[PDB]
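One file, protein-v1.pdb, is given below (PDB, C-alpha atoms).
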```pdb
ATOM      1  CA  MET A   1     -71.884-216.723  65.033
ATOM      2  CA  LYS A   2     -72.091-216.225  68.795
ATOM      3  CA  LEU A   3     -69.981-213.550  70.490
ATOM      4  CA  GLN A   4     -69.662-213.664  74.278
ATOM      5  CA  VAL A   5     -69.898-210.327  76.075
ATOM      6  CA  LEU A   6     -67.209-209.882  78.770
ATOM      7  CA  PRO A   7     -67.091-207.280  81.571
ATOM      8  CA  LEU A   8     -65.337-204.027  80.651
ATOM      9  CA  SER A   9     -61.891-203.451  82.185
ATOM     10  CA  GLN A  10     -58.888-201.265  81.317
ATOM     11  CA  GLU A  11     -56.646-204.254  80.749
ATOM     12  CA  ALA A  12     -58.900-206.028  78.239
ATOM     13  CA  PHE A  13     -59.783-202.753  76.507
ATOM     14  CA  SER A  14     -56.206-201.373  76.319
ATOM     15  CA  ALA A  15     -55.808-202.097  72.607
ATOM     16  CA  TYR A  16     -59.026-200.372  71.557
ATOM     17  CA  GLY A  17     -59.082-197.350  73.810
ATOM     18  CA  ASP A  18     -59.461-195.993  77.326
ATOM     19  CA  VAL A  19     -62.029-196.752  80.003
ATOM     20  CA  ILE A  20     -63.318-193.641  81.733
ATOM     21  CA  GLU A  21     -63.853-194.596  85.388
ATOM     22  CA  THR A  22     -62.478-193.772  88.857
ATOM     23  CA  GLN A  23     -62.276-197.213  90.449
ATOM     24  CA  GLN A  24     -58.630-198.044  91.232
ATOM     25  CA  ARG A  25     -57.386-194.907  89.459
ATOM     26  CA  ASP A  26     -54.917-192.358  90.827
ATOM     27  CA  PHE A  27     -56.134-188.921  91.898
ATOM     28  CA  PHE A  28     -55.012-185.646  93.483
ATOM     29  CA  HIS A  29     -56.661-184.075  96.512
ATOM     30  CA  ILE A  30     -57.772-180.497  95.789
ATOM     31  CA  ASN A  31     -58.710-178.011  98.542
ATOM     32  CA  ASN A  32     -58.992-179.135 102.170
ATOM     33  CA  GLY A  33     -59.915-182.402 100.480
ATOM     34  CA  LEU A  34     -63.250-181.221  99.129
ATOM     35  CA  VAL A  35     -62.436-182.504  95.637
ATOM     36  CA  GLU A  36     -60.654-185.599  94.363
ATOM     37  CA  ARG A  37     -59.315-185.127  90.823
ATOM     38  CA  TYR A  38     -58.757-188.245  88.690
ATOM     39  CA  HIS A  39     -56.535-186.812  85.942
ATOM     40  CA  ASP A  40     -56.016-187.875  82.323
ATOM     41  CA  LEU A  41     -58.445-190.742  81.716
ATOM     42  CA  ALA A  42     -58.696-190.560  77.918
ATOM     43  CA  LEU A  43     -56.365-189.609  75.072
ATOM     44  CA  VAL A  44     -58.402-187.179  72.995
ATOM     45  CA  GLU A  45     -57.024-186.763  69.475
ATOM     46  CA  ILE A  46     -58.379-184.693  66.614
ATOM     47  CA  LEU A  47     -56.900-184.317  63.108
ATOM     48  CA  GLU A  48     -57.681-181.604  60.535
ATOM     49  CA  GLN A  49     -59.773-179.547  62.947
ATOM     50  CA  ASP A  50     -58.473-177.180  65.607
ATOM     51  CA  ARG A  51     -61.646-177.545  67.673
ATOM     52  CA  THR A  52     -62.871-180.530  69.699
ATOM     53  CA  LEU A  53     -66.614-181.150  69.879
ATOM     54  CA  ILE A  54     -68.869-181.763  72.884
ATOM     55  CA  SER A  55     -72.324-183.165  72.171
ATOM     56  CA  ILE A  56     -75.072-185.343  73.587
ATOM     57  CA  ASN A  57     -76.144-188.465  71.722
ATOM     58  CA  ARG A  58     -79.561-189.717  72.764
ATOM     59  CA  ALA A  59     -79.627-193.358  71.684
ATOM     60  CA  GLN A  60     -82.631-195.703  71.623
ATOM     61  CA  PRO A  61     -82.370-199.243  73.063
ATOM     62  CA  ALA A  62     -81.612-202.139  70.717
ATOM     63  CA  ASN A  63     -83.906-205.075  69.971
ATOM     64  CA  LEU A  64     -83.025-208.177  72.025
ATOM     65  CA  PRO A  65     -81.348-210.491  71.193
ATOM     66  CA  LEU A  66     -78.637-208.107  69.951
ATOM     67  CA  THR A  67     -77.135-208.994  66.590
ATOM     68  CA  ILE A  68     -74.746-206.643  64.794
ATOM     69  CA  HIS A  69     -73.504-206.922  61.216
ATOM     70  CA  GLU A  70     -71.736-203.609  60.593
ATOM     71  CA  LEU A  71     -68.808-201.731  62.133
ATOM     72  CA  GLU A  72     -67.607-198.123  61.801
ATOM     73  CA  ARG A  73     -64.220-196.452  62.282
ATOM     74  CA  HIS A  74     -63.229-192.798  62.582
ATOM     75  CA  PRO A  75     -59.731-192.508  61.080
ATOM     76  CA  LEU A  76     -59.614-188.781  61.751
ATOM     77  CA  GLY A  77     -60.289-188.664  65.497
ATOM     78  CA  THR A  78     -61.028-190.381  68.808
ATOM     79  CA  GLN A  79     -64.558-190.722  70.150
ATOM     80  CA  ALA A  80     -65.628-190.930  73.778
ATOM     81  CA  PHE A  81     -68.959-191.860  75.289
ATOM     82  CA  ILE A  82     -69.994-191.309  78.895
ATOM     83  CA  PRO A  83     -73.481-192.243  80.173
ATOM     84  CA  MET A  84     -75.332-189.186  81.425
ATOM     85  CA  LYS A  85     -77.060-190.942  84.315
ATOM     86  CA  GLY A  86     -74.814-193.908  85.115
ATOM     87  CA  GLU A  87     -76.575-196.520  83.014
ATOM     88  CA  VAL A  88     -74.984-199.753  81.751
ATOM     89  CA  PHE A  89     -74.247-200.047  78.047
ATOM     90  CA  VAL A  90     -72.628-202.388  75.550
ATOM     91  CA  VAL A  91     -69.750-201.932  73.124
ATOM     92  CA  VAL A  92     -68.318-204.052  70.294
ATOM     93  CA  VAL A  93     -64.792-203.405  69.074
ATOM     94  CA  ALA A  94     -62.200-204.781  66.642
ATOM     95  CA  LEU A  95     -58.821-203.839  65.142
ATOM     96  CA  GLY A  96     -57.410-204.203  61.622
ATOM     97  CA  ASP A  97     -55.690-201.740  59.260
ATOM     98  CA  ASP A  98     -57.885-202.239  56.175
ATOM     99  CA  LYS A  99     -60.991-204.130  57.239
ATOM    100  CA  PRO A 100     -61.965-205.422  60.685
ATOM    101  CA  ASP A 101     -59.663-208.279  61.751
ATOM    102  CA  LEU A 102     -62.345-210.680  63.013
ATOM    103  CA  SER A 103     -59.891-212.436  65.329
ATOM    104  CA  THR A 104     -59.737-209.230  67.391
ATOM    105  CA  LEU A 105     -63.505-208.669  67.642
ATOM    106  CA  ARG A 106     -64.662-208.169  71.247
ATOM    107  CA  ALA A 107     -67.894-207.324  73.027
ATOM    108  CA  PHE A 108     -68.019-205.595  76.438
ATOM    109  CA  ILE A 109     -70.767-204.627  78.847
ATOM    110  CA  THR A 110     -70.011-201.808  81.294
ATOM    111  CA  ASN A 111     -70.788-201.829  85.017
ATOM    112  CA  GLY A 112     -72.837-198.654  84.731
ATOM    113  CA  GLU A 113     -70.035-196.652  86.328
ATOM    114  CA  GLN A 114     -67.654-196.386  83.350
ATOM    115  CA  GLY A 115     -67.420-194.563  80.054
ATOM    116  CA  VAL A 116     -65.449-195.468  76.991
ATOM    117  CA  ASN A 117     -63.009-193.820  74.590
ATOM    118  CA  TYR A 118     -62.351-195.383  71.202
ATOM    119  CA  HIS A 119     -58.872-194.852  69.736
ATOM    120  CA  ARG A 120     -58.437-193.658  66.128
ATOM    121  CA  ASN A 121     -59.176-196.232  63.436
ATOM    122  CA  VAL A 122     -60.591-198.663  65.931
ATOM    123  CA  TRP A 123     -63.648-200.424  64.550
ATOM    124  CA  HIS A 124     -66.692-200.157  66.767
ATOM    125  CA  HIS A 125     -70.400-200.731  66.334
ATOM    126  CA  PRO A 126     -72.571-197.594  65.983
ATOM    127  CA  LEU A 127     -73.966-196.277  69.303
ATOM    128  CA  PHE A 128     -77.050-197.901  70.778
ATOM    129  CA  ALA A 129     -78.546-198.001  74.257
ATOM    130  CA  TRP A 130     -79.126-201.067  76.412
ATOM    131  CA  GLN A 131     -82.524-201.861  77.975
ATOM    132  CA  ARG A 132     -83.759-198.245  77.934
ATOM    133  CA  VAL A 133     -83.128-194.904  76.212
ATOM    134  CA  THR A 134     -79.840-193.311  77.230
ATOM    135  CA  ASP A 135     -78.036-189.968  76.906
ATOM    136  CA  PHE A 136     -74.332-190.169  76.168
ATOM    137  CA  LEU A 137     -71.977-187.200  76.419
ATOM    138  CA  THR A 138     -69.730-187.408  73.387
ATOM    139  CA  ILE A 139     -66.266-186.009  72.846
ATOM    140  CA  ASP A 140     -64.955-186.307  69.290
ATOM    141  CA  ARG A 141     -64.231-184.685  65.923
ATOM    142  CA  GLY A 142     -67.546-185.747  64.422
ATOM    143  CA  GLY A 143     -66.932-184.425  60.922
ATOM    144  CA  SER A 144     -67.383-185.897  57.430
ATOM    145  CA  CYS A 147     -67.062-192.197  58.695
ATOM    146  CA  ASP A 148     -65.953-195.650  57.412
ATOM    147  CA  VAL A 149     -68.568-198.433  57.561
ATOM    148  CA  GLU A 150     -67.748-202.082  56.830
ATOM    149  CA  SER A 151     -69.820-205.261  56.838
ATOM    150  CA  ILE A 152     -68.933-208.371  58.860
ATOM    151  CA  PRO A 153     -70.382-211.885  59.298
ATOM    152  CA  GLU A 154     -73.572-211.556  61.382
ATOM    153  CA  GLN A 155     -72.827-211.775  65.122
ATOM    154  CA  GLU A 156     -75.269-212.686  67.906
ATOM    155  CA  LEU A 157     -74.162-211.283  71.269
ATOM    156  CA  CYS A 158     -74.419-213.604  74.265
ATOM    157  CA  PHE A 159     -74.094-213.286  78.026
ATOM    158  CA  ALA A 160     -72.491-216.105  80.005
TER     159      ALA A 160
ATOM    160  CA  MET B   1     -73.698-159.285 100.922
ATOM    161  CA  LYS B   2     -76.523-161.486  99.681
ATOM    162  CA  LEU B   3     -76.433-162.923  96.160
ATOM    163  CA  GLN B   4     -79.644-164.353  94.691
ATOM    164  CA  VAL B   5     -79.239-167.596  92.765
ATOM    165  CA  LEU B   6     -81.168-167.670  89.481
ATOM    166  CA  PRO B   7     -82.079-170.696  87.309
ATOM    167  CA  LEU B   8     -79.428-171.559  84.696
ATOM    168  CA  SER B   9     -80.289-170.783  81.077
ATOM    169  CA  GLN B  10     -78.266-170.258  77.904
ATOM    170  CA  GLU B  11     -79.463-166.677  77.543
ATOM    171  CA  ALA B  12     -78.363-165.475  80.977
ATOM    172  CA  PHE B  13     -75.134-167.492  80.905
ATOM    173  CA  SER B  14     -74.133-166.493  77.337
ATOM    174  CA  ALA B  15     -71.434-164.060  78.497
ATOM    175  CA  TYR B  16     -69.710-166.571  80.794
ATOM    176  CA  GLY B  17     -69.876-169.737  78.755
ATOM    177  CA  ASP B  18     -72.060-172.459  77.304
ATOM    178  CA  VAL B  19     -74.747-174.572  78.906
ATOM    179  CA  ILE B  20     -74.503-178.272  78.041
ATOM    180  CA  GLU B  21     -78.108-179.494  77.682
ATOM    181  CA  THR B  22     -80.463-180.891  75.047
ATOM    182  CA  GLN B  23     -83.676-179.058  75.933
ATOM    183  CA  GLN B  24     -84.718-176.866  72.975
ATOM    184  CA  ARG B  25     -81.483-177.598  71.112
ATOM    185  CA  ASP B  26     -81.071-178.580  67.455
ATOM    186  CA  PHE B  27     -80.165-182.177  66.623
ATOM    187  CA  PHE B  28     -79.553-184.547  63.673
ATOM    188  CA  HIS B  29     -81.270-187.929  63.370
ATOM    189  CA  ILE B  30     -78.724-190.736  62.952
ATOM    190  CA  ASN B  31     -79.640-194.238  61.748
ATOM    191  CA  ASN B  32     -83.287-195.119  61.154
ATOM    192  CA  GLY B  33     -83.728-192.699  64.027
ATOM    193  CA  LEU B  34     -82.108-194.748  66.755
ATOM    194  CA  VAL B  35     -79.852-191.847  67.773
ATOM    195  CA  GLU B  36     -80.433-188.100  68.046
ATOM    196  CA  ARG B  37     -77.215-186.078  67.962
ATOM    197  CA  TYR B  38     -77.180-182.613  69.497
ATOM    198  CA  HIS B  39     -74.078-181.118  67.857
ATOM    199  CA  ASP B  40     -71.588-178.539  69.197
ATOM    200  CA  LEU B  41     -72.756-177.555  72.671
ATOM    201  CA  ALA B  42     -69.515-176.106  74.011
ATOM    202  CA  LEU B  43     -66.568-174.184  72.589
ATOM    203  CA  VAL B  44     -63.545-176.062  73.914
ATOM    204  CA  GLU B  45     -60.330-174.061  73.674
ATOM    205  CA  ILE B  46     -56.833-174.941  74.801
ATOM    206  CA  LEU B  47     -53.682-172.808  74.502
ATOM    207  CA  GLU B  48     -50.054-173.928  74.885
ATOM    208  CA  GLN B  49     -50.976-177.620  74.845
ATOM    209  CA  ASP B  50     -51.792-179.825  71.860
ATOM    210  CA  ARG B  51     -53.857-182.221  73.969
ATOM    211  CA  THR B  52     -57.193-181.708  75.702
ATOM    212  CA  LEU B  53     -57.789-183.502  78.988
ATOM    213  CA  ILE B  54     -60.692-185.579  80.219
ATOM    214  CA  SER B  55     -60.968-186.316  83.921
ATOM    215  CA  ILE B  56     -63.450-186.847  86.728
ATOM    216  CA  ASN B  57     -63.675-184.428  89.613
ATOM    217  CA  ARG B  58     -65.308-185.949  92.706
ATOM    218  CA  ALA B  59     -66.443-182.917  94.735
ATOM    219  CA  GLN B  60     -67.755-182.924  98.318
ATOM    220  CA  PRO B  61     -70.895-180.951  99.208
ATOM    221  CA  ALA B  62     -70.506-177.458 100.656
ATOM    222  CA  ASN B  63     -71.690-176.344 104.079
ATOM    223  CA  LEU B  64     -75.039-174.584 104.126
ATOM    224  CA  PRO B  65     -75.574-171.645 104.045
ATOM    225  CA  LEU B  66     -73.208-171.263 101.063
ATOM    226  CA  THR B  67     -70.803-168.325 101.362
ATOM    227  CA  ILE B  68     -67.964-167.818  98.862
ATOM    228  CA  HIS B  69     -65.141-165.288  99.109
ATOM    229  CA  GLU B  70     -62.725-166.408  96.382
ATOM    230  CA  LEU B  71     -62.888-166.734  92.583
ATOM    231  CA  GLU B  72     -60.549-168.391  90.093
ATOM    232  CA  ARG B  73     -59.984-167.997  86.362
ATOM    233  CA  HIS B  74     -58.135-170.116  83.800
ATOM    234  CA  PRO B  75     -56.611-167.715  81.253
ATOM    235  CA  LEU B  76     -55.118-170.587  79.278
ATOM    236  CA  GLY B  77     -58.178-172.722  78.569
ATOM    237  CA  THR B  78     -61.899-173.403  78.888
ATOM    238  CA  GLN B  79     -63.318-175.728  81.517
ATOM    239  CA  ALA B  80     -66.431-177.858  81.285
ATOM    240  CA  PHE B  81     -68.313-179.695  84.008
ATOM    241  CA  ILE B  82     -71.059-182.269  83.445
ATOM    242  CA  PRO B  83     -72.682-184.119  86.361
ATOM    243  CA  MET B  84     -72.099-187.866  86.164
ATOM    244  CA  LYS B  85     -75.534-188.904  87.407
ATOM    245  CA  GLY B  86     -77.778-185.955  86.583
ATOM    246  CA  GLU B  87     -77.546-184.169  89.936
ATOM    247  CA  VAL B  88     -78.225-180.455  90.440
ATOM    248  CA  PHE B  89     -75.321-178.129  91.202
ATOM    249  CA  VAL B  90     -74.471-174.470  91.709
ATOM    250  CA  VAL B  91     -72.137-172.109  89.876
ATOM    251  CA  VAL B  92     -70.928-168.555  90.576
ATOM    252  CA  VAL B  93     -69.445-166.505  87.756
ATOM    253  CA  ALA B  94     -68.148-163.003  86.985
ATOM    254  CA  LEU B  95     -66.269-161.148  84.235
ATOM    255  CA  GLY B  96     -63.537-158.490  84.392
ATOM    256  CA  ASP B  97     -60.183-158.137  82.615
ATOM    257  CA  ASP B  98     -57.936-157.742  85.669
ATOM    258  CA  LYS B  99     -59.956-158.510  88.779
ATOM    259  CA  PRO B 100     -63.547-159.737  89.009
ATOM    260  CA  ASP B 101     -65.974-156.939  88.069
ATOM    261  CA  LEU B 102     -68.439-157.406  90.915
ATOM    262  CA  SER B 103     -71.252-155.783  88.933
ATOM    263  CA  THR B 104     -71.240-158.876  86.688
ATOM    264  CA  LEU B 105     -71.180-161.418  89.511
ATOM    265  CA  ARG B 106     -73.903-164.064  89.112
ATOM    266  CA  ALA B 107     -74.973-167.290  90.799
ATOM    267  CA  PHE B 108     -76.863-170.073  89.014
ATOM    268  CA  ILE B 109     -78.479-173.339  90.042
ATOM    269  CA  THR B 110     -78.858-176.051  87.386
ATOM    270  CA  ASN B 111     -81.984-178.150  86.838
ATOM    271  CA  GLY B 112     -80.007-181.364  87.179
ATOM    272  CA  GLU B 113     -80.221-181.911  83.423
ATOM    273  CA  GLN B 114     -77.515-179.465  82.329
ATOM    274  CA  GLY B 115     -73.750-179.112  82.398
ATOM    275  CA  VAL B 116     -71.670-176.002  82.154
ATOM    276  CA  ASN B 117     -68.693-174.717  80.198
ATOM    277  CA  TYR B 118     -66.686-171.729  81.409
ATOM    278  CA  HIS B 119     -65.098-169.513  78.755
ATOM    279  CA  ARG B 120     -61.428-168.491  79.036
ATOM    280  CA  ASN B 121     -60.644-165.838  81.625
ATOM    281  CA  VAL B 122     -64.098-166.049  83.143
ATOM    282  CA  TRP B 123     -64.055-165.883  86.922
ATOM    283  CA  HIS B 124     -65.776-168.784  88.618
ATOM    284  CA  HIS B 125     -65.798-170.232  92.110
ATOM    285  CA  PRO B 126     -63.872-173.473  92.562
ATOM    286  CA  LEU B 127     -65.881-176.693  92.111
ATOM    287  CA  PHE B 128     -68.137-177.911  94.908
ATOM    288  CA  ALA B 129     -71.126-180.228  95.080
ATOM    289  CA  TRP B 130     -74.644-179.409  96.213
ATOM    290  CA  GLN B 131     -76.470-181.426  98.916
ATOM    291  CA  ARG B 132     -74.460-184.603  98.310
ATOM    292  CA  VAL B 133     -71.142-185.883  96.881
ATOM    293  CA  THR B 134     -71.021-185.567  93.082
ATOM    294  CA  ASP B 135     -68.853-186.796  90.195
ATOM    295  CA  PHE B 136     -68.236-184.237  87.453
ATOM    296  CA  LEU B 137     -66.744-185.141  84.086
ATOM    297  CA  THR B 138     -64.260-182.403  83.281
ATOM    298  CA  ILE B 139     -62.918-181.220  79.944
ATOM    299  CA  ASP B 140     -60.131-178.653  80.161
ATOM    300  CA  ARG B 141     -56.426-177.854  79.924
ATOM    301  CA  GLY B 142     -55.853-178.231  83.653
ATOM    302  CA  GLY B 143     -52.191-177.282  83.666
ATOM    303  CA  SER B 144     -50.102-174.972  85.831
ATOM    304  CA  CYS B 147     -54.695-170.884  87.988
ATOM    305  CA  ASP B 148     -55.466-167.302  89.049
ATOM    306  CA  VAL B 149     -57.228-166.867  92.391
ATOM    307  CA  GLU B 150     -58.637-163.520  93.575
ATOM    308  CA  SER B 151     -60.487-162.476  96.725
ATOM    309  CA  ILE B 152     -63.877-160.712  96.733
ATOM    310  CA  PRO B 153     -66.218-159.258  99.374
ATOM    311  CA  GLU B 154     -67.854-162.185 101.236
ATOM    312  CA  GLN B 155     -71.030-163.325  99.467
ATOM    313  CA  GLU B 156     -73.930-165.301 101.006
ATOM    314  CA  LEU B 157     -75.930-167.179  98.372
ATOM    315  CA  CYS B 158     -79.734-167.032  98.632
ATOM    316  CA  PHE B 159     -82.608-168.838  96.949
ATOM    317  CA  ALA B 160     -85.802-166.864  96.297
TER     318      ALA B 160
END
```
In structure tokens, what does this structure look like?
Amino acid sequence: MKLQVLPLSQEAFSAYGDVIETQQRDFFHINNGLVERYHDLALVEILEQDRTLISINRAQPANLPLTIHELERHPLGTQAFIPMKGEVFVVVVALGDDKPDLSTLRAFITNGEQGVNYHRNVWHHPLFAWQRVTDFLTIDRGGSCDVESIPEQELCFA
Amino acid sequence: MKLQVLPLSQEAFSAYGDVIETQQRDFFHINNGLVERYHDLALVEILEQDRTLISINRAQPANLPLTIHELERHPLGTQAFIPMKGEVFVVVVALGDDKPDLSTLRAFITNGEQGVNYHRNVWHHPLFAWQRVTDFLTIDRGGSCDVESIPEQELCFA
């Protein structure tokens, strides 16, 4: 089953989470104008844990052609990923209350200038780099989530 | 008044906050080993606000030679800064319950591979880039902090 990978945008990703980027986003000038502050880009949410967690996930690149078969979901908290050095990366998402609703499965490749923030219960493929090793700053609950199998998918670019 | 800038390290910065880096830090292997997760790097803390905020601060470079004279502190929450593209940056910190205790004033230059996380009430100079424009991913309360003047300081490298 082929799954076309589309460019990442806030509009197309609205149902799964937030896109962390500055392009076409509102900001406040701070100081003489030395700093531009692009406020509230991602809705962080953590349940059953007063403290949020900041970590660094160093993910290896995946074998090409990419072909996922599993999906995870964190019902207890959101999870953000921001490339450490501005590298491009891929994400696969899907909705569904019980199991992943295949009709809502989507694949997105970033422009190398945007991060991502998965909303609670959103199904997404486990982290993996694209082309070369990559460091991702993570912002989530990360405690102890839900893995589910799906019909093998072969990601395509076109 | 000259102020020598020392290399940033967790040991020397322990009293002001946390250093977000992977070097010599403990991590868990995830998957067959595709991802390495370096858990809890920074103590995020927010008061009088259920939600944490994630934004991007685009700071202009400062005029050389660097010479600060003000210091701010956020009594209500911590504040993290992580360079977007791995660029080096400088930080000035100091403690003190009421006003900045000048005997604890310190300046630090990062190695371009580390972020920083200011603890509550810690005095730090407002954000500014080094050499060239820089994007910083921020993680704080950012509401509406306390600015205080100090004897002019000229930062030096040696």
Q: Find the residues in chain B near chain A: any atom within 6 Å counts, using only C-alpha atoms. Write them as a PyMOL selection string.
A: chain B and resi 34-42+53-60+84-86
Q. Given the choices A:100, A:75, A:65, A:7, which gets closest to residue 152 in chain A if the distance is worked out from all atoms listed in the file?
A.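 Looking only at the distances to residue 152 in chain A, the closest residue turns out to be A:100.
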Q: Pull out every residue that the PyMOL selection byres ((chain B and resi 9-18) around 10) matches in the shown coordinates and put them as a PyMOL selection string.
A: chain B and resi 6-8+19-21+41-44+78-80+93-95+104+106-111+114-124
(Q) Rounded to one decimal, what separation in Å do you get between CA of residue 26 in chain B and CA of residue 92 in chain A? (A) 28.6 Å
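Relative to CA of residue 76 in chain B, CA of residue 49 in chain A is found at 19.2 Å.
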Q: State, in Å with one decimal place, the distance from CA of residue 64 in chain A to CA of residue 105 in chain A.
A: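 Spanning CA of residue 64 in chain A to CA of residue 105 in chain A is a straight-line distance of 20.0 Å.
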With 5 Å added on each side, what axis-aligned box encloses every listed atom of range 65-77 of chain A? Give the centre and edge lengths in Å to one decimal, as AutoDock Vina command-line options.
```
--center_x -70.5 --center_y -199.6 --center_z 65.9 --size_x 31.7 --size_y 31.8 --size_z 20.6
```
Q.
I want to know what sits within 8 Å of residue 3 in chain B, based on all atoms listed in the file, with residues of the same chain fewer than 2 positions away left out; could you give that as a ChimeraX atom specification?
A. /B:1,5,106-107,155-158
